[PDB]
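2 protein chains.
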Amino acid sequence: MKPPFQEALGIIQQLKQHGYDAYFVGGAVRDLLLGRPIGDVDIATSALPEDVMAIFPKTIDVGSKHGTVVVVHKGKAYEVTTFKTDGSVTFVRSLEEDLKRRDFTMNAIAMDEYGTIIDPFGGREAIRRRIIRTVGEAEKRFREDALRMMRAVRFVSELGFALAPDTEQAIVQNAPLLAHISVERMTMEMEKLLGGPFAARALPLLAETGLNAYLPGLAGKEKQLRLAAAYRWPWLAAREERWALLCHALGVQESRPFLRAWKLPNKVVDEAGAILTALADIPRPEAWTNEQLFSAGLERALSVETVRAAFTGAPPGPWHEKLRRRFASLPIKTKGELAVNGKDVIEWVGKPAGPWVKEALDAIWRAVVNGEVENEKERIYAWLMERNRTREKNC
Amino acid sequence: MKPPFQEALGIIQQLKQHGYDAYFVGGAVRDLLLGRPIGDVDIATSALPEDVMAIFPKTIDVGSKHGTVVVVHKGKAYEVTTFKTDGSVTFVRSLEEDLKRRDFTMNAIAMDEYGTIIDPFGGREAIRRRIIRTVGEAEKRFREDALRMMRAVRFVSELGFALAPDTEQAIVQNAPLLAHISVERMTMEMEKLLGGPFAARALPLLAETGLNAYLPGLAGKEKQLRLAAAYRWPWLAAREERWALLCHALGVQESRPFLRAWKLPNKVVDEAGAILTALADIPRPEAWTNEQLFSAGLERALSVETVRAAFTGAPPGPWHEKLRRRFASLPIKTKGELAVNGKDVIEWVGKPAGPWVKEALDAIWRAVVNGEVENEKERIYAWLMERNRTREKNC
Ligand SMILES: Nc1ncnc2c1ncn2[C@@H]1O[C@H](COP(=O)(O)OP(=O)(O)OP(=O)(O)O)[C@@H](O)[C@H]1O
Ligand SMILES: Nc1ncnc2c1ncn2[C@@H]1O[C@H](COP(=O)(O)OP(=O)(O)OP(=O)(O)O)[C@@H](O)[C@H]1O
Ligand SMILES: [Mg+2]
Ligand SMILES: [Mg+2]
Ligand SMILES: [Mg+2]
Ligand SMILES: [Mg+2]
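One line per chain: the protein sequences are H and F, in this order. Residue 390 in my numbering is what sits at position 390 of the first sequence, and the numbering runs on without skipping anything. Residue 717 in my numbering is what sits at position 322 of the second sequence, and the numbering runs on without skipping anything.
Rendered as structure tokens:
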């Protein structure tokens, strides 16, 4: 009894004591056997949602309508779900029927309270071989829920299994069925897929299967998805870093409409574009300017250098370290640190408030950051006063 | 900082550090002030669902569509919700706007990370006075969401506050609007209502307001709901015990269609009926038979005696204790313990399998339970053999 299951045992044990019968199901079982770090623990049972909610003190009703109830047990959330047959939903008492309806054999294993693997579909066998194979007829399953095809690919990215020959074939043959699946759902698969350790060969697969060109903005980018195999994807440590690089590798022109079409939240779309733009604007790591670094703020500069690294092969290590150093010597680090205020500039220049003020303050921060003048009132004043009779001597 | 809020502080503190601003809202603030045991802590914030989900490691998406996200923090689930204006939903940045849309002034208080009470609608006053008053126009609020009326009454039951004269008036004037609210939602209110410490006066209230007779099966039971005031409701310790007694007190004829019309889950409807039935079959605590006790199993017998107690005024103490004792001396406690098997009876009586076998086994368990014969094979055999030549001497 490995620690992730050890603590979830309470749940099974209690469902059993009320005469129910429950099992560990899902990736966690897969992971355990595969030797992976264990993902998160799910419990399937013969108990119906209102029974689960009656037995355990804290329960969250996530979706009891399709069998699932969240149980908070000794401090964590677990998803407990009644055994079901995938049509509205029908509940049963057969664990075997509940496994039959699961996507791939690896995912279709179960473990009992005593640690016994129950594996009626040869998932264990598929794990030894490292194969993603559909439970039952590859074709039928994908018709039932086209999204399964997407998962199959991401699983390739996540575990470096290979697609079974006939399962793969089914995908190309059943590609179209995707555009019936709501974007949101595809996005979370894509995101996982990009963060796969094997992302490097999952992107190409996205092309050699029919899946490309039913995914948003991946219309005929087949050439592009193949050359993607050369990108050092796994050093991307962040969501934005990922999307950014995806764009860069697909030669995406305007980041905004694309990342939007994927229904990613605004802040991510923005930040990804930010990185992307910075990267167009700084073509070499030495090229960073106090200005642009200040402008970008340490984090994003770092991400830029990481995304660059994932494209070049040059580890970001040394740059990240110089950026960290530079940033911490920037005479000011935010605009709010500026020792001088918009209203000061007004009193000094005898001009009424307006759009010239921004321009002033802008020229000032830059001058402070470039260290042309200290961040102190008296010295900016002189600086500004003297630079206003220079604009007179020029035109 | 009381312990319920102490641990939730983290959530606020983090939302604030990302520059958001969040408050403790809801019953828990009310509870705190009223001096009650604190119900469960909720957080309202200016941050949007996707921000909350971004900041906190474990999050459950219960309903981000209307602003709510559950955050698992240091081992508990908390409901975090973006400030909103009740129409689709509009998110704002005003805490004041978010409180304005809540049901009653007691429920519309707020507390900040430093323990400051923010109370723009005089909830604090309404607590001092012990009054349920609508936030804003009593009439308008009930039109917006008729369920509010139900809550007001259950809160009466839960806190012993009185309804404000004009709020009450609004209920009678706006009673009809209930039949637009789905039963399920009324059921959970009713259930709380029945388990109030003041249930004794909430049920009558249900009648003196127009609410009665838009609640299922409470058509013109006005007379009955008033006399309900005399029932010792607060000793009912269980859901079934409650419904049971509610039936008994409404003179409900057939338990089953009634409890069903309330959409309670089946096991409850069943068990309630069980208790109710046993109660019609045993009119005095002394009257319990080894038979009927064995037939009911300790739990239910106890529940019967408690439901009786709530109707009579005689404390169930002594009976509960004798039942516990009797049940633990029942020669067998389940039908499975019987020392003799259906197939034994066939071999013994030379008759083919069939419906007479049940009848035999039935007569046997009863005889064991009544202690007419030991629960042992050899002795049941004789008992049965000798009782089969008695049915010959009789007809
Ligand atoms: N689209 C689907 N069709 C059939 N079964 C599915 C589908 N999606 C999920 N499942 C089943 O339920 C589980 C889904 O859980 P989930 O997708 O969270 O984790 P997992 O696939 O097991 O691994 P991971 O934790 O990495 O995501 C799978 O184990 C599989 O049994
Ligand atoms: N129908 C409604 N109309 C307006 N506001 C509501 C409504 N239902 C709930 N609320 C608001 O949200 C909170 C709902 O919390 P909830 O019903 O869970 O607990 P509570 O009423 O505050 O007290 P308790 O924990 O005992 O139930 C209330 O405090 C109130 O602010
Ligand atoms: Mg999983
Ligand atoms: Mg978990
Ligand atoms: Mg509450
Ligand atoms: Mg809580």
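Every residue, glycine too, gets a C-beta built ideally from N, C-alpha and C.
Do you know offhand how far residue i's Cα is from residue j's?
i, j, result
"H:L330", "H:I380", "17 Å"
"H:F258", "H:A287", "28 Å"
"H:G35", "F:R637", "51 Å"
"H:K58", "H:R325", "49 Å"
"F:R621", "F:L756", "48 Å"
"F:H643", "F:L671", "7 Å"
"F:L697", "F:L718", "7 Å"
"residue 418 of chain H", "F:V530", "The requested residue 418 of chain H does not occur in the structure, where chain H is confined to residues 1 to 395."
"F:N502", "F:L613", "28 Å"
"F:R496", "F:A541", "14 Å"
"F:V464", "H:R389", "58 Å"
"F:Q401", "F:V457", "24 Å"
"H:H18", "H:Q224", "57 Å"
"F:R786", "H:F91", "48 Å"
"H:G210", "H:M190", "15 Å"
"F:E686", "F:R761", "7 Å"
"H:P204", "F:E474", "42 Å"
"H:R185", "H:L177", "14 Å"
When you compare the CB of residue i with every CB in chain H, is at least one pair closer than 8 Å?
i, result
"F:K453", "yes"
When you compare the CB of residue i with every CB in chain F, is at least one pair closer than 8 Å?
i, result
"H:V135", "no"
"H:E50", "yes"
"H:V62", "yes"
Do residue j and residue i have their beta-carbon atoms positioned less than 8 Å apart in this structure?
i, j, result
"F:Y609", "F:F706", "no"
"F:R543", "F:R536", "yes"
"F:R549", "F:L588", "yes"
"F:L494", "F:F516", "yes"
"H:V304", "H:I332", "no"
"H:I131", "H:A164", "yes"
"H:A296", "H:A278", "yes"
"H:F198", "H:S157", "yes"
"H:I11", "H:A22", "yes"
"F:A565", "F:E603", "no"
"F:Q409", "F:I438", "no"
"F:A704", "F:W630", "yes"
"H:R129", "H:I109", "no"
"H:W233", "H:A274", "no"
"H:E50", "F:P660", "yes"
"F:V436", "F:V466", "no"
"H:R239", "H:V268", "yes"
"F:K397", "F:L427", "yes"
Of the residues that make up the segment 460-473 of chain F, which ones have a beta carbon closer than 9 Å to any beta carbon in chain H?
-> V465, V467, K469, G470, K471 and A472
Taking a cut of 9 Å between CB atoms, which residues from the segment 2-19 of chain H lie near chain F?
-> none
Near ligand 6, which residues have their beta-carbon closer than 7 Å to a heavy atom?
-> F:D435, F:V436, F:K471, F:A472 and F:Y473
At a Cβ cut of 7 Å, what residues of the segment 633-664 of chain F count as close to chain H, listed as they run along the chain?
-> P660
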